[PDB]
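Peer 1: One structure is given below, represented as structure tokens, and several questions about it will come after.
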Amino acid sequence: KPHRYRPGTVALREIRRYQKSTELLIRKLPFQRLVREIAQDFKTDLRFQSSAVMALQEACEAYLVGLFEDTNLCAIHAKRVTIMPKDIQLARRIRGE
Amino acid sequence: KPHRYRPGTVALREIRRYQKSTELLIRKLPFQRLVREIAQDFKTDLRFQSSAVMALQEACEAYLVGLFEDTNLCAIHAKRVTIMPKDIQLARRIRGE
Amino acid sequence: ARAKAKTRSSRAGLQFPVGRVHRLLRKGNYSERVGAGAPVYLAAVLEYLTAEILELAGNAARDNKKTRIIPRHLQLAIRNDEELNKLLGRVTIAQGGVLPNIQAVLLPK
Amino acid sequence: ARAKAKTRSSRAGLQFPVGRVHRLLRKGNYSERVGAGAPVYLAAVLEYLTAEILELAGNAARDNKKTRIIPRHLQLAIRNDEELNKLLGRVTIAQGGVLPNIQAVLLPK
Amino acid sequence: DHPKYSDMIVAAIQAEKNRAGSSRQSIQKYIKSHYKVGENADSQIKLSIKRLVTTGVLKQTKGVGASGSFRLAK
Amino acid sequence: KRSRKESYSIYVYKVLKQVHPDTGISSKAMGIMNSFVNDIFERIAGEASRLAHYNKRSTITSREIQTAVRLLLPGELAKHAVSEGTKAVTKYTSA
Amino acid sequence: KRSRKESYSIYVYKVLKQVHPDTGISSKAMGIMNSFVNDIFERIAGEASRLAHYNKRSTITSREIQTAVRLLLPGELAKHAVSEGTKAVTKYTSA
Amino acid sequence: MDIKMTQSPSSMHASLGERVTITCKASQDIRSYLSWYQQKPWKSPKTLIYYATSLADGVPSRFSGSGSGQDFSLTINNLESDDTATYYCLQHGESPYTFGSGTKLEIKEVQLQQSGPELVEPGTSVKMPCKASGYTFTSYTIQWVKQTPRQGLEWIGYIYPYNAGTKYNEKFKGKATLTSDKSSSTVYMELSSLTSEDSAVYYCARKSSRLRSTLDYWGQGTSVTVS
Amino acid sequence: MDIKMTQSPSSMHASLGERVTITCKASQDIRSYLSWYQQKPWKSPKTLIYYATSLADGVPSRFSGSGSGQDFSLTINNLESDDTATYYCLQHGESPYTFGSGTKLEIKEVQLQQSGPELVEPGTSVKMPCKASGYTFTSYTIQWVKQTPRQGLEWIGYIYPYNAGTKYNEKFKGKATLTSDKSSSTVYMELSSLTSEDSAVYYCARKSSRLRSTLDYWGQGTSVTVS
Amino acid sequence: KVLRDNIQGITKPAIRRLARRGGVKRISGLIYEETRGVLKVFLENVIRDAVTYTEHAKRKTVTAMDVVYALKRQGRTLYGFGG
Amino acid sequence: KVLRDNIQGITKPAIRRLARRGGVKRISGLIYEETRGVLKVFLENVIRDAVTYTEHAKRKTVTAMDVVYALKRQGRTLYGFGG
DNA sequence: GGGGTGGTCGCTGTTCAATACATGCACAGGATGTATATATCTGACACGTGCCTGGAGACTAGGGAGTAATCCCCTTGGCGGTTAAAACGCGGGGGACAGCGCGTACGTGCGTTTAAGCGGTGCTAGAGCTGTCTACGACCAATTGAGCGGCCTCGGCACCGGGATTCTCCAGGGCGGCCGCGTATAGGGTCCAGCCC
DNA sequence: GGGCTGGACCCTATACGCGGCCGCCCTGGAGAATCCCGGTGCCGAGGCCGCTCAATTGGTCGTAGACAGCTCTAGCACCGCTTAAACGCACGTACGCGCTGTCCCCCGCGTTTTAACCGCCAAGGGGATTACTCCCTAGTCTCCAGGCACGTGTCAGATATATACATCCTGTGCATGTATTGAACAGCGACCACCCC
């Protein structure tokens, strides 16, 4: 019968590989479209430097990673291993956001 | 038989009483002693304005009150009612200290 | 002879001192030149913010039946408003106290 | 006739440009006047910080058996140190990644 | 319509013949889902399990008190 | 003779008399309001100075102060402050 | 015609050559180091300006810069930066 | 001690193109906290003037207002076909907000979703929702207004989602109850013990916590009818 | 390959007031990362010079350091009776830290609590604590040094309490193990498979993570004796 | 021309990758929508400031320096883009 | 003359009162010592900067203005004592 | 007139209604805390006065910013493939969570101790201010070399392919404690011989 | 002459160990991931050359701050007294934590889809620069009035007292359920009236 890793084993390897790696994790073209959409609500027919979009992507991914670390710590504090929106909300509200 | 309130009713009454008031909760003169003891490790024979010591006490009590709010939120997140040193530690780490 | 003096605050209709704001702008090392309209605009903005906070604090004091605004009323005024709370999120008000607030899970059945 | 020019960097024994630092201090609207020793002292401090971070990052790069420093090595060097990390806590380093860190309770067994 | 709890419990145990002990929640679900018992059914179910194990008829294969799993023990 | 040192107390009091004619204000609340005025003044002036530096402009104008106000003040507060400042600047210009 | 830009790349490379003769550095790492130098420059200069303003001094001196260094840099970074700067200032005065 | 709004011209006729003036007299000094609203028939009102002088977002400069203290006025310069509607002044300087009696003039992105028509038997209770979108929910209070053909527009109360704070008109204590849902960004108003007088169209309206702000955006209105 | 330290003058006899000069050679360039230590008999060493020129805190200007690259020197100007002690040069420019052979001189609040002497039998294990106080525990590494009468001082390794990072000398891998406990500010060293050769005094020394910082404060030492 | 539904481009795989880099082992199903909301809020906050700087410059193109200034003003100092 | 152990002057009931103003209902027995450590760290951080400002001014009296500057430099702006 | 059997009475098994017990819920009232109305009084706030310095009026100079014109670069838009990633579906196991139980640690309350708070006095260090004077930082003219832009080459590292090691998963086997079934054992039931009625 | 008692032969109730079974633990082997090693190539890092502008040198000056001296505020030390807060101890309750069961919901893997990425090409918007100009602000001199220091009075709120209402807790009573047990009632063993031979 075919091989299958037990649940929660591949997640560790994914954590290891994405903590070793440094590349951006969100796809560039849909993130760019999202940025343009969001900016459309403040000023029409704006233009963007590729470096400006890259800087936005770097800042957003760093923010999300830093938030998920606190979400994981709150989940562990609840003696859980699954992170939940209650964990995200607790982390964000303690951070003063 | 002598009257007794059940555990937590006097606690709630004290919560209501102290959230309505505005005066300082830490004894002034021993807080001043602590301030002078700490400062003597940075410079000997320092003088202090009374206003400076009061400013220190205001800042310290505001910081402690906010920290206890975050600690209580962490404890509630753990489905507990009692605040614990692990709750204080989580509040501090998530806050960024 | 020189005409009758008229303050820039009165010329702009403001209460806050345009002259003092201009002198603080020039002496504060913000730039080597300062436009004429900048201190007027800044005095108007500061007067607006002061009027908003003072009116909210006065409303709170009136609700508390007190005729004089106190740091408790100021704390209530800023904290009970989301925009003012975001403006002064990193600020401590001396003798201001805290909002009466108890978590739902602590209340008795 | 006048003496051959001798850079203030060489006079102070520094690599960083004392003259450029002095120009930036004057043009930055930090004060009306700038003492002669301020750009020297500041350039020395900036040189010390640059040397510290670059040597830690070079050690990290050598430990990875690569010859040139990259943002990953800068990130590793900064985060593995209490004082540098607390100095640069609020800073994001592009393409720097994160430190490997898995919580103990998540490990098997 | 509910007889004395002894026969209800033994009937519940007899239906789902788990060899390692019938869990409390399984029989509490079953007897109330099949039959109809008053508002305080569950408390009387727990007390019935307790008194039966005190009489020694039922054997608690796992757990403590009422919280465990119980076997008929013939 | 003591060295005269300035504060915003009288202007805060005049604004108070405009918004609430019959209320008063304690000394501690007045000092807190002075601290508020100083803090907001410093914040806006700093943002305007940094805007001028970023744009390589030598002077701070009402446009710079306006952009600083839009950056720091939130939501409806920002647009109300902008409206008040624009009205005051227009009235001043019309003399 | 395009204007001349300005960066600390040469000085950072010279410091790198002093601390690790064989080690190189990437362009993006150089950009990050330029950002670091500019940020720390701005922090010390701003803190020294605030110190002068608090003490009503018109001049930013090495004492102001030293106090800013002690306020900003934590722990042993402060002591070693103070030592390096004091050495440089003494050598400059002697020469 | 409620501050009555007295609009002088109850109705008027005007040809196209000439200037029109409308007056609203305040019972007590409201310190310039007065707004003007245009309501075309079978549609929710739109804001024209706020702080008694300031044009609302998107309002053409044809409309203008003036006055302070107790005497306020509205002006329309270039009358157009669409300018036929009912104009209400609204004061909000003191806690019970009061609308003007209304002036019927005839001539020759923020969304507040609200529920549809309703039929209810007397003595029941009802829950009108108000789905808010297009803006940050907690920053703005939700204001509820009752419109009848006999009493005109009446202010019921408001909910502040930031802290769930409430205020109610004394005429609606107990009758109305306000609740908020930060997750769904929805506000609900409870009407208890429906009675014949409750046959009215109810509007939820957005208003900033800023004192000079006014009701700026309005829901489409819920027509509640009691049998 | 380990950097050899070479103090050329093994011992000097000198009178009071006169000058003495000690030298220390290096097998490879160490870029000024050399420190000087004064050890009185039955006493923990104290730091005199760091970064090859800088006087440590509380050290009088009598002591002077000089040199760079491979030639280094320590100079004492005005001798007193107290100067009778052994002086070691220590390099930390490369990962395996190496002390000098030691020079004997004869003349004619940061705290690190360490445990007392420990008698032990061969082949078992022992655990030595180092209780630090008076400073931010996580900010400084704890260094461990082994002092035998016949090899002098030997650097074993360090633990960084901030991230529990450790580095060990190749000679002591497996033999030594370092652990930390933030809650009690204590660092523990475990020695495995004790042998008669292991009989030595073990010191714990605080050293900052700064590259130019040296081992500055030392524990009183823990003598381990193997039967 | 008009962009309409691009928030869904922050896919579940992308959020999982971000959580893996964040050290998260097991992920609830509602984290995806919660994270999309949080990211939307953060992006709106940063981009509003960037556009304000661009408008002050009277430029029609948002630059990386404008983004860096917005981040620094929001306490998110970013190294590597000309800061 | 000297002071040695004034941290114990931040008493158990005082910490309880602070927790009550924080909305805390039930308190573990180790919370008192943990809070004493926290307060000690915070006071050290603030007083160090206040004394640094005092040394710069070449004064021997620490002033409320120095304390306010230290708090503001640490991001804890305090209203009521400045000026 | 005796042998023998159903009728009927006594003893007892079965079941039932009162006895007793346990749990779960509503309420009266007793104790305590809280909100409200009234009188006292004090010291902080608001007002009035002097004066003095910094803000305003009027005029000059020059340079900073506004505006027009030009270039070219870099942003936007489109098109065609190419996989890599995303979407979707499914089996399952392990984690969330609800309930039960226990013990201990934390709350509540009272009696004892202590030290904070307040007032009053005394003293002197040192912060604040003024005046002198000099060194040092700004400013300018002339110079020149250091730093920046552009061009080029070459080696560090990124990638690709291939072993070699390592870590995970689990199926099978060794090993131990609990349960079912058979056995040596003896207790008693049963057969043979002597004896007393 | 035959059953009772004694001794011996045979039927059967019994305590106990061995085999069967389920669970615990160990380990070897398959397989999938990870890391080391070698070869290739390409593009970015580092070096070289030209130039131009900004950093340096030499000199003048003017004012900012360093120093000295004086003054008088306020911070520190001390002591006594009151009483409120802290502390120590007892008791008990409810909450934290461990254990158990359920079930559903996330993970891992295979299959299908789609759209991001990359290379290529083209248009043109606007960002950057330069030249010209003018008006807007710095700077100076006069002068005067707005605001700050200081004094004073009175009323707003803090305080003390009494009262009236609200909340908490619990002891009691009531309602519903349960298992228990002496007895009300009928079935069978046994004593007696009476039939049959």
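In chain K, numbers come from Swiss-Prot; the residues present are 21-103, in order.
Backbone N, Cα and C atoms are what each Cβ position is placed from, and that goes for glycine too.
Grabbed the feature section from Swiss-Prot, which reads as follows:
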type: CROSSLNK; residues: K:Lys21; note: SUMO2 cross-link
type: MOD_RES; residues: K:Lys21; note: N6,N6-dimethyllysine
type: CROSSLNK; residues: K:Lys32; note: SUMO2 cross-link
type: CROSSLNK; residues: K:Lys32; note: UFM1 cross-link
type: MOD_RES; residues: K:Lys32; note: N6-succinyllysine
type: MOD_RES; residues: K:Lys32; note: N6-acetyllysine
type: CROSSLNK; residues: K:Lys60; note: SUMO2 cross-link
type: MOD_RES; residues: K:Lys78; note: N6-succinyllysine
type: CROSSLNK; residues: K:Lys80; note: SUMO2 cross-link
type: MOD_RES; residues: K:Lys80; note: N6-succinyllysine
type: CROSSLNK; residues: K:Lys92; note: ubiquitin cross-link
type: CROSSLNK; residues: K:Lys92; note: SUMO2 cross-link
type: MOD_RES; residues: K:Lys92; note: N6-succinyllysine
type: MOD_RES; residues: K:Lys92; note: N6-acetyllysine
Peer 1: In angstrom units, rounded to an integer, how far apart are the Cα atoms of the residue listed as 'ubiquitin cross-link' and K:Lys60 (SUMO2 cross-link)?
Peer 2: 19
Peer 1: Quick check on the recorded positions K:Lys32, K:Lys60, K:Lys78, K:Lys80, K:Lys92: which one has the highest count of other Cβ atoms within 10 Å of its Cβ?
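Peer 2: Per the Cβ count, the most surrounded site is K:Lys92.
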Peer 1: Using DSSP, would you call K:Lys21 (SUMO2 cross-link) helix, strand or coil?
Peer 2: coil
Peer 1: Please report how many Å separate the Cα atom of K:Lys60 (SUMO2 cross-link) from that of K:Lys21 (SUMO2 cross-link), as a whole number.
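Peer 2: Rounded to the nearest whole number, the Cα-Cα distance is 21 Å.
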Peer 1: Considering only CB atoms and a limit under 8 Å, which recorded sites from K:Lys32, K:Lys80, K:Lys92 lie near chain B?
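Peer 2: Sorted by position along the sequence, the hits are K:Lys80.
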Peer 1: Check each residue in the chain of K:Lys21 (SUMO2 cross-link) that is at least six apart in sequence and keep those whose C-beta is under 8 Å from its C-beta; list them in sequence order.
Peer 2: none
Peer 1: Do me a favour and check the Cα-Cα span between K:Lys80 (SUMO2 cross-link) and K:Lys32 (SUMO2 cross-link); whole Å is fine.
Peer 2: 34
